[PDB]
Every structure is written in structure tokens, then in C-alpha cells.
Amino acid sequence: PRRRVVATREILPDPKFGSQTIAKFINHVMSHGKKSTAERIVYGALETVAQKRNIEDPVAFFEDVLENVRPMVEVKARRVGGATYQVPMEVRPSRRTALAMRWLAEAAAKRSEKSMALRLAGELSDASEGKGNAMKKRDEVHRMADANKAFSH
Amino acid sequence: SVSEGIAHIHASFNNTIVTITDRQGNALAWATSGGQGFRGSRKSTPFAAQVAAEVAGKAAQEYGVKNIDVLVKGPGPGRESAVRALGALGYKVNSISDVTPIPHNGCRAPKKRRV
Amino acid sequence: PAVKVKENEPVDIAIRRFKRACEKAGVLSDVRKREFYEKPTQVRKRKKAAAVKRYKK
RNA sequence: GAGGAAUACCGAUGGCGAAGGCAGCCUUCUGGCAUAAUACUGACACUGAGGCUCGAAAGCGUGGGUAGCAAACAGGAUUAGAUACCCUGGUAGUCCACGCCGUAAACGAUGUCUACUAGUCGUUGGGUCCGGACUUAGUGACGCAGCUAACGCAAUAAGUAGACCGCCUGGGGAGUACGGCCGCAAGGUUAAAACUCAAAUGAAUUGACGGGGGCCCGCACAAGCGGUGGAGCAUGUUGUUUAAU
């Protein structure tokens, strides 16, 4: 807003892992307020990748892929006397997680697998090694930040 | 070949040129902000001067210069960044001098811009 | 405006001292005052306004 | 190496000059001013129509010079256009000598000279006393009384008076025409009328507005989520069509 910084809402964890990170990703996958549909999409993706990779605890795998997708430097528009400068700045960690989750969902939304859960699992697997449209978007953002790398205002 | 050198930091409002010569005045290497990929507004920044000084120093370091004294001239922004670049590139600075041409009320300046 | 860097001191402190010396020597002010030619009437106006401000404060 | 021009710092509501003006340094020629005391002349004064002199910059003539800057001019951009603003060049001019021109918001928009009228604080050049005190001639900032339509001025008056000179008499037409005079020219100077309009103005007040400044708020933007604009249909309106829609 314009005056204060709101106290953030509490997010209850996912029922089947007890992790607020997976709960927040379920929210990012959600549409029209359908928690059950979003939860089954995300859980199908997670069980698919877990059964394919033979990993007992996939929350750590999700943390790994999330930190791999997270950018560190984002380009912000600044105004100095009528000049629009694309100054690269750091990303605060909350925005880091939000951007990573949004990029993962929007990249998984455009793939070619049959089910959305299969699409999301394939995208998680791909970003685990370092490929996929989430990785391309992160690389694009880093590319623009380094392309400027000349305004430290 | 030469161990003592002079780094001239000619810095204008538009561009900054970093030349490195011997004590006598014969140029060994040079770099410019406009010759390092930056053009227009980016070219007249301290960062472009930093990379120009880095390139010029790394090109002239093969000659054998380790001792160098800098000669800053002009009002541009990269006049301070180029010296830090040279210092961090491993050059042993001898002295920092600011030899900029200052007329004693000589030739008439160009007219004031009406912008 | 010449600063002779001593032994073992960082180039950052050396350039801070050089910036101080160059600011003392009035280098950037003089190179600014030659950027465009200034008409005697505008010089006189600027000086008179400066004197009025300096006297008031 | 050649050349031309300007003289950073000092530098200062600092200085000098009647004004216009006048900045490196040195010599020569030369004006005024400020100051202390003594001596001297003895009203020799003030102002001043016509007149004469000087008079920024631009401009003109002849002869030199020509670095930078730069009218004009050329190209590049911007733009709807862009004979501009910005950019790159660039000639007259700016510089010198000798002459013309005679005009500037040539301003303090305040003629010159004289006397008197609370005060406070700076600064420049002298002087006299004991770092100050005082007194002078300038140069500033404040501030009474007084004045003023108000703003404001206020011993550097726009106060209180006096001397002489200049000028004004609604706004345009018009500082124009015609005629003189001056000028190489550009033009300057002196200076109407018809006609036309009931205004044109000054200062201040309240608002509003500003591609003025400062501070602040609103899903105003930014950060996001979902739409509308494309399809079919519902509904409303326009247009059209109808006897009417």
C-alpha cells in the first residue's frame, strides 16, 4: 500500500507432508478456490517423481529444485530525472520463493504430457537437473541483470 | 620490457579512455568504454571505465609494468573507478595525479545549451 | 592535485586521499565553469545573488 | 613549431571613472579623488534652453589580422511540419589602426545642487586618540518619524524645504507619415493628422491554474489474480428501416 507493511497471513502446512512450502505451491497451482484439485495435482506430481527417482523423502528434493530455480538478481525500473534505468537489484527471499513457484507453475502449464500432474512432475524433474522453461526464465532474468550490471544507484 | 609506467585516465562526460604508456610517453596499451560493448548511456558510467581500465591493464601487464603512476584528467565519472580497477588488477600504484587542462581565461567557450 | 601513495596502504584509501586533494584544489569546479561560456551580465547577476545570499546567511 | 585571443586563482552588495565603462605583469605619458595642518583669494556660486564633447553592443568604410566563439549558411536529428530549440561544421563579426554611426531595460526605470531630520550593524580609503574609541569621504543591509494608491522609500529619501533644467496630460494609430537636419549606408533626430475604441493601466486581494516547489492520501500506480476487446447468444443504445418502430 502507501503507509504500512501488512502482517502476513499464516499458511497451514500440507496434510500429507506437513510443509508450508508445499502448501504454498498448492496455492500457486490452485484456481477458482479448489484446494482438493490443486492438492491432488501436486501430490500426483510428487509421487510420480518420488517413485521414478527412488527417494523416500521428497520434501528435500522439492527444496533442492526450488533453490535451484530461485533467482538472485532481478532488474527493477528506476527513474532518475526522466531516465528509465533498468537497475539490477537483489531479490528478497519471499519474492524469491514466489517467483520460483510462479515460474514452475507457468512452465508446467505449457508442456505436452497428458495430465497436469504428469506435467508438473516432469517439470520438477527437469529443473532438478537444470533444464525446463523455469530454468530458461531464470537464466533470462540473470541475463538481463548481467546485461545491465552498470547501474549501482 | 618496461617496469615503470604511466596510466592516463582521460575521462570525458561521454567516454573514458585508459591508455598505459612507459615513463617516456610511448603508448603500450589502451582501452575505451565505447570499445568494450557499452554504448550511449551505459558507456559514460563508472562501470564501463572499470572494465576499460581492467582490459588496458591486463593488456599492458604482459609488457612487464608493475610500477605505475596514474594521470587523471577530465570531469567524467570513471576517473575514480579506473584507478580502483588498476589497483585491484595487481598494479603497484606510484602516485595519483590530476593533470587536467585548466585555461587561465583563454579561449572562449561554446555557447550555453538551451535545453 | 598529486597524491603519492605510501607503502602498504590500500588503493581505496589512496584514492580517498586523492579525491580529497582534488576537491581542495578546485579542479572539478574549474572544469565545470568552462563547460559553457557565460555572459558578463549573467556572471554579474550570479555573483550579486551569491553575495546577497552570503550576507543574509 | 606557428599563430591569435583572453587574462583562472587573487576577486570581494571590493575599487576607480561624469556616464558608457575599466581586471595577468612591467615601463612611459597623463586625469580625477581621498586625506592632516598652515597659508592664500575673497561669493570667484548653483543650474542651465539652444550648442559642444563623450557615449555599450551590434553595424558601416579603408587597411591588417584571424586561434577560439559564432549571425548567415550546409548537413544531421526531433517533429504532423521544424526556415527553430539539440548535434556536426561554418563565414561575416568578435581582434588591431584610423575614421563614421549616436542608439540600449544607456536602469537606481529615481535630473543636478544645497540645508535639515531616531537609530543599529557591515565594508573600502584616509585621519586622530586611548585591541578598541571617535571623526571623515564612499559603499551596503536594516529600521523610526515622515511620505506613499499600494508596493515600498527612509541621511546613498521616494521625508522636510529651496534653485534651475527636462518631461507628462486616455489607449491605439505612432515615435509613424510629411518637411527639415545629420548619416557612406543602416538609419538617427525633430515630430503630426485623419480615423478608431470606452477603455488602456498601476498596486494589492481572494481564488483557480502551472510541462513551479514542499508534504500527504485513495486498487491511483507498482506487485499480483481474474477479466473486457476476438465467437455464439441475452440485454441496452446508435444508426438504418418502417405506417409506427
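Labels below follow one simple rule: chain letters A, B, ... track the order of the sequence lines, proteins then strands, and each chain is numbered from 1.
Residue contacts for A:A98: at a heavy-atom cut-off of 4.0 Å it reaches no nucleic acid atom on any strand shown.
Between C:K56 atom NZ and D:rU123 atom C1' there is a gap of 18 Å when expressed in whole angstrom units. Remark: P of D:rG226 and CZ of A:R102 are 10 Å apart, rounded to the nearest angstrom. Rounded to an integer number of Å, the gap from CD of A:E106 to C1' of D:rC225 is 14 Å. Atoms CZ (C:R54) and P (D:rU123) sit 14 Å apart, rounded to a whole Å. A:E74 places its CD atom 10 Å from the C1' atom of D:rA223, with the value rounded to the nearest Å. Atom NE2 in B:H104 sits about 17 Å away from atom P in D:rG11, given to the nearest Å.
The same atom, P, is picked in D:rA191 and in D:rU169; the two are 12 Å apart, to the nearest Å. For the P atom pair drawn from D:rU7 and D:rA58, the interatomic distance equals 15 Å after rounding to whole Å. Nucleotides D:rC87 and D:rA72 are separated by 15 Å at their P atoms, to the nearest Å. A distance of about 13 Å separates the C1' atoms of D:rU13 and D:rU156, rounded to the whole Å. Taking atom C1' on both D:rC134 and D:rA150, the two are 42 Å apart, rounded to the nearest angstrom.
Checked by distance alone, C:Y55 brings no side-chain donor or acceptor within 3.5 Å of a matching partner on the base of D:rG122. Side-chain N/O atoms of A:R2 and base N/O atoms of D:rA220 include a donor-acceptor pair closer than 3.5 Å.
Consecutive residues D:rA23 and D:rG24 form an unstacked step, taking six-membered ring centres below 5.5 angstrom and planes below 30 degrees as the test. Neighbours D:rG159 and D:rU160 form a stacked pair of bases, judged on six-membered rings within the 5.5 Å and 30° limits. The six-membered base rings of D:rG211 and D:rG212 fail the test of centres under 5.5 Å apart and planes under 30 degrees, so these neighbours do not stack.
North is the pucker class for the sugar of D:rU62, given a positive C1'-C2'-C3'-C4' value. The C1'-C2'-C3'-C4' torsion of D:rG42 is negative, so its sugar falls on the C2'-endo, or south, side. In terms of the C1'-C2'-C3'-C4' torsion, D:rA71 has a north-puckered sugar. The angle is above zero.
In summary, of the residues considered (A:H142, A:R96, A:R95), a side chain to side chain donor-acceptor pair (under 3.5 Å) with A:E74 occurs for A:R95 alone.
The listed nucleotides are D:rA8, D:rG224, D:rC85; the one nearest the side chain of B:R114 is D:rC85.
Remark: D:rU62 base-pairs with D:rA97; criterion is Watson-Crick or G-U wobble with both hydrogen-bond distances under 3.5 Å. Pair check for D:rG122 finds D:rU139; Watson-Crick or G-U wobble, both atom distances under 3.5 Å. D:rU160 and D:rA115 make up a base pair, with Watson-Crick or G-U wobble contacts both under 3.5 Å.
In this pair, B:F38 and B:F47 present their aromatic rings perpendicular. The plane angle is above 60°, beyond the 30 to 60° band.
With both distances required under 3.5 Å, D:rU13 does not pair with D:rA177 in Watson-Crick or G-U wobble fashion.
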